[PDB]
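In: Below you'll find the sequence and an experimental structure to go with it.
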Amino acid sequence: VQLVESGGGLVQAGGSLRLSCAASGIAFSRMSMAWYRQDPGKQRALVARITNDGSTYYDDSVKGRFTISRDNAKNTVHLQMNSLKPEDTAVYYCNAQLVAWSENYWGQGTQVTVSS
Amino acid sequence: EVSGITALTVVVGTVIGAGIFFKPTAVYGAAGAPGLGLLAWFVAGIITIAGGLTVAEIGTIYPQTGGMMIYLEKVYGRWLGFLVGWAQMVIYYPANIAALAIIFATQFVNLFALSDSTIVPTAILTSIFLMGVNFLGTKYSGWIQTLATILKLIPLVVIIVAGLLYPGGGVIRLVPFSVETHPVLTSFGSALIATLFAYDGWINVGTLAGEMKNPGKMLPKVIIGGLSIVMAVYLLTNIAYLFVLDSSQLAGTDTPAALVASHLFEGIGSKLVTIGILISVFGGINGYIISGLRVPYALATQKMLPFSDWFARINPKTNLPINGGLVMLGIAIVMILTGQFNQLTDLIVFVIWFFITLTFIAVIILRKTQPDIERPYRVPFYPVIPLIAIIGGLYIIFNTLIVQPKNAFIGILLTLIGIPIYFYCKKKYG
């Protein structure tokens, strides 16, 4: 059960990064894929989640800017971080959980920082 | 895998709850004598131990999550698996929530000396609040679970220690074991059911069996030790109650633990013990809410319920299936409005033990139909312990049917309503 992320890195404030996360070895269509944020010396905080039926939830601090989309054909999840802001700098993880009480599948974690 | 002591703690935590604090009323109102109630507690514990071993055998055989649903699906058929799931969804968990909310309201009113007319509104408000809290993710529910599990042992230990040293305790407090006004044959069944509610939750030993590291050497010791510790704690608590109060006094109040605490630690200690009992009830309701919420999702994901898409809907914010929780909350509120603590507990015991007896018979059948399955754990005495558990279950079922026709009729009617739902759902494919 692997979760390979990509797309993160240094970017100027106000930019737009999409964080692809290819998932293999799991029932991707049945899983609720989410994106978490883990600031240094803290605990992962949910940023956005998309359920298997397409319903999406966004954190209050990212609502209106971030757009989480899943495409079951390639078993990948994207997160269009439009209009980035300096405080958004953190390490973003890719999650894949069937239900709240099920086992949580985490990705390697990607570092994204806003220079300005 | 889990450590042997870890499994012991898990079993003790799950089995022990708020039944010991409130069920003595029913036990000593049915039995009518100090000695017969203790015998009921002991017999219920023995039956629970035998059933735990029997269920653990099949749990090891089928380590898949789900418990009785999976066991009965695999042994009897898919229809009976759905029947167990539906009975748990519409009777077991809603009735547990309703009964515990009613008793929480009763204890709250007794503690704060409010009018008895606020018991139903309280119970409803606390059930709604706990369901809403559980709808905000697993963080708060887990915090409440841990806090209640830690705290519910304090009042039990305090009551046991104080009552066992009460000024007047002795063997004389456990006589005459029988009163002519209460025949042993008829009253013992009611006492046994009342005690059996206090032992509820032991069915999770089968589920934990598959998780256990090395069954067959730790599983028997773990189960026997945990359930024997539960039985000993219950017996010591009842002995403390009888030392502090008489059987008639316990039967005459709806909160025996609160009255005993008032007699033992007059002043603020009684209030603290009452608050501990309330916290234990709160944790019990929370745990039942979590376990119940887990059921409609399992039923819907297999397209076994109407509007299975609606039931299996996952909340994007919390990743929880909320709709099944709403249905269970509605059923629990309906039960609260038109139910009572003792009646609901008896109904819960009746239905759960019917399905548990079916599980025991399933174990026996598996021992014959498929002798070649790999069995990590074998029940200690196959022709004896499963038979004892089945006899206990059948006695519970038949005694409840004879003594409480209305409750048994309600449970049977709900299950028989579930059956045509199964057939329609099979026809329509969810």
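Out: That came in fine, so what should we check first? Numbering: from 1, shown residues only, chains lettered A, B, ... in the order given.
In: Can you pull the residues of the stretch 51-200 of chain B lying near chain A?
Out: Taking CB under 8 Å from any CB of the partner chain as the contact definition, the stretch 51-200 of chain B meets chain A at B:137-138. C-betas here are computed from N, CA, C, even on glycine.
In: Look up the residues forming beta bridges with the residue nearest the centre of chain A.
Out: Nearest to the geometric centre of chain A sits residue A:35, at 2.7 Å (CA atoms, centre = their mean). On the basis of DSSP bridges, residue A:35 is bridged to residue A:48, residue A:94.
In: OK, contacts around it?
Out: Counting by CB atoms under 8 Å, 6 or more residues apart in numbering or on different chains, residue A:35 makes contact with A:19, A:21, A:46-49, A:68, A:77, A:79, A:92-95.
In: Among these, which one sits closest to chain B?
Out: residue A:49 (5.2 Å; CB to the nearest CB).
In: List the residues that contact the closest residue to the closest one other than its chain neighbours.
Out: In this structure, residue A:49 finds its nearest non-sequential neighbour in residue A:34, 3.8 Å apart by CB to CB, 6 or more residues apart in numbering or on different chains. The contact partners of residue A:34, by CB under 8 Å, 6+ apart, come to A:46-50, A:68, A:94-97, B:319.
In: With adjacent residues omitted, what lies nearest to the residue lying farthest from the centre of chain A?
Out: Largest separation from the mean C-alpha position in chain A: residue A:116, at 21.9 Å (CA atoms, centre = their mean). Sequence neighbours aside, residue A:13 is the residue nearest to residue A:116 in space, at 3.8 Å (criterion: CB to CB, 6+ apart).
In: What parts of chain A come near chain B?
Out: Selection of chain A residues close to chain B by CB under 8 Å from any CB yields A:32, A:34, A:49-53, A:55-57, A:97, A:99-101.
In: how about a cut-off of 10 Å?
Out: A:30-32, A:34, A:46, A:48-59, A:68, A:95, A:97-102, A:104 (CB under 10 Å from any CB of the partner chain).
In: and residue 31, what are its phi and psi?
Out: Defaulting to chain A. Residue A:31 adopts backbone torsions of phi -100, psi 150, taken as degrees, to the nearest 10.
In: hm, I was asking about chain B
Out: phi -60, psi -50.
In: I figured it hits residue B:185, correct?
Out: No. Using CB atoms under 10 Å as the test, residue B:31 is too far from residue B:185 to be in contact (11.9 Å).
In: So which of these two has more stuff around it?
Out: residue B:31 (29 against 7; other CB atoms under 10 Å in any protein chain shown).
In: Pull up the gap between that one and residue B:192, please.
Out: 9 Å (CB to CB, to the nearest Å).
In: dump the residue contacts of residue B:51.
Out: Contacts for residue B:51 (CB atoms under 10 Å, 6 or more residues apart in numbering or on different chains) come out as B:199, B:202-203, B:205-206, B:223, B:227, B:353, B:356-357, B:359-360, B:385-386, B:388-390, B:392-393.
In: again, only using 7 Å
Out: Taking CB atoms under 7 Å, 6 or more residues apart in numbering or on different chains as the criterion, residue B:51 is in contact with B:356, B:360, B:389.
In: Now render those as a markdown table, adding neighbour count, distance to residue B:418 and secondary structure.
Out: A markdown table is the format used below for the contacts of residue B:51 (neighbours: other CB atoms under 10 Å in any protein chain shown; distance: CB to CB, whole Å; DSSP: H, G, I helix; E, B strand; the rest coil):
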| residue | neighbour count | distance to residue B:418 | secondary structure |
| --- | --- | --- | --- |
| B:356 | 26 | 18 | helix |
| B:360 | 26 | 22 | helix |
| B:389 | 29 | 25 | helix |
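In: and residue 114, how many neighbours?
Out: No chain specified, so I'll use chain A. Residue A:114: 19 neighbours (other CB under 10 Å).
In: switch to chain B, that's the one I care about
Out: Neighbours around residue B:114, by other CB under 10 Å: 13.
In: for residue B:317, same thing?
Out: Residue B:317: 18 surrounding residues under other CB under 10 Å.
In: Can you name the residue of chain A nearest to chain B?
Out: Closest point on chain A to chain B, by CB to the nearest CB, is residue A:57, at 3.5 Å.
In: quick one: secondary structure of that residue?
Out: The three-state assignment at residue A:57 reads strand, by DSSP: H, G, I helix; E, B strand; the rest coil.
In: separation between it and residue B:373?
Out: Taking CB to CB, one finds residue A:57 at 44 Å from residue B:373.
In: Same question for residue B:112.
Out: From residue B:112 to residue B:373 the distance is 56 Å (CB to CB).
In: what's the straight distance from one end of stretch A:80-91 to the other?
Out: Taking CA to CA, to the nearest Å, stretch A:80-91 runs 15 Å from one end to the other.
In: So for that stretch, what gets flagged as buried?
Out: Judged by neighbour count using 16 or more other CB atoms under 10 Å in any protein chain shown, the buried positions of stretch A:80-91 are A:81, A:84, A:88-91.
In: okay, those residues in TSV with secondary structure next?
Out: Listed next are the buried residues of stretch A:80-91 as TSV, based on three-state DSSP:
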residue	secondary structure
A:81	strand
A:84	coil
A:88	helix
A:89	coil
A:90	strand
A:91	strand
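In: Can you tell me what sits against stretch B:262-282?
Out: Under the criterion CB under 7 Å, 6+ apart, residues B:17-18, B:21, B:100, B:103-104, B:107-108, B:111, B:144, B:148, B:151-152, B:154-155, B:158-159, B:162-163, B:244-245, B:257-258, B:261 lie in contact with stretch B:262-282.
In: whoops, I mixed them up, stretch A:50-68
Out: A:29-33, A:35, A:46-49, A:70, A:77, A:79-83, B:313-314, B:316-317.
In: Next: stretch B:374-394.
Out: Stretch B:374-394 is touched from outside by B:47, B:50-51, B:53-54, B:56-57, B:60-61, B:209, B:215-216, B:219-220, B:353, B:356-357, B:360-361, B:363-364, B:367, with contacts defined as CB under 7 Å, 6+ apart.
In: and the residues you listed, which of them are in helices?
Out: In this view, the contacts of stretch B:374-394 that belong to helices under DSSP state H are B:47, B:50-51, B:53-54, B:56-57, B:60-61, B:209, B:219-220, B:353, B:356-357, B:360-361, B:363-364, B:367.
In: Give the burial count for the residue in the stretch 1-150 of chain B that chain A sits nearest to, as a bare number.
Out: The stretch 1-150 of chain B approaches chain A most closely through residue B:138 (5.3 Å), counting by CB to the nearest CB. Using other CB under 10 Å, residue B:138 is surrounded by 15 other residues.
In: need the contact list for the nearest residue to it once chain neighbours are set aside.
Out: Leaving aside its chain neighbours, residue B:138 sits nearest to residue A:100 (5.3 Å; criterion: CB to CB, 6+ apart). Residue A:100 is in contact with B:137-138, B:318-320, counting by CB under 7 Å, 6+ apart.
In: Surely residue A:100 forms part of a helix?
Out: No. Residue A:100 is assigned coil when assessed by three-state DSSP, not a helix.
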